[PDB]
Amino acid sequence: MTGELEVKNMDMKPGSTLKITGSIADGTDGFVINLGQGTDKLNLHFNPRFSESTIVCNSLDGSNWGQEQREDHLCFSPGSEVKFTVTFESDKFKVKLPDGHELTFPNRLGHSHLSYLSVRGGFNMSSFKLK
């Protein structure tokens, strides 16, 4: 649990961007960036799964995961330094990947401000920047 950062009481409004930098642990099979209203309200569950050569995006509403959206464009690796830019719009999230490729994921949970960010797995978040 050490290093699995949790950020609370953010005030990310629609139209804002979150820039995240971190290091991916050598030999890790995947990691998670969660962004939402709270621990059981995740608008964006962003889960690169190196082990499955895919990025899994989903929402979490209470105890119920939504329908997964899988993106096969997993072109960064264990050991990589990576930067991501997440854009929160009322209707959708845009995630800009390290190579400039952008994924889009619908916002399923309304446009209340996002207050919660957490990391799980083999990702050491070294910086974040809210704009």
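Residue numbers run from 1 along the displayed sequence.
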Mind pulling up the entry and telling me whether 42 to 50 or 79 to 87 has the higher mean Cα temperature factor? 79 to 87
Of the choices 58, 63, 34, 104, which one's C-alpha carries the largest B-factor in the record? 63
Ranked C-alpha temperature factor of residue 1 among modelled chain residues, by third: highest
What third of the chain does residue 114 rank in for C-alpha temperature factor, lowest, middle or highest? middle
With respect to C-alpha B-factor, does residue 73 fall in the lowest, middle or highest third of the chain as deposited? highest
Assigned third (lowest, middle, highest) for the C-alpha B factor of residue 131: highest
How does residue 18 rank on Cα B-factor within its chain, lowest, middle or highest third? lowest
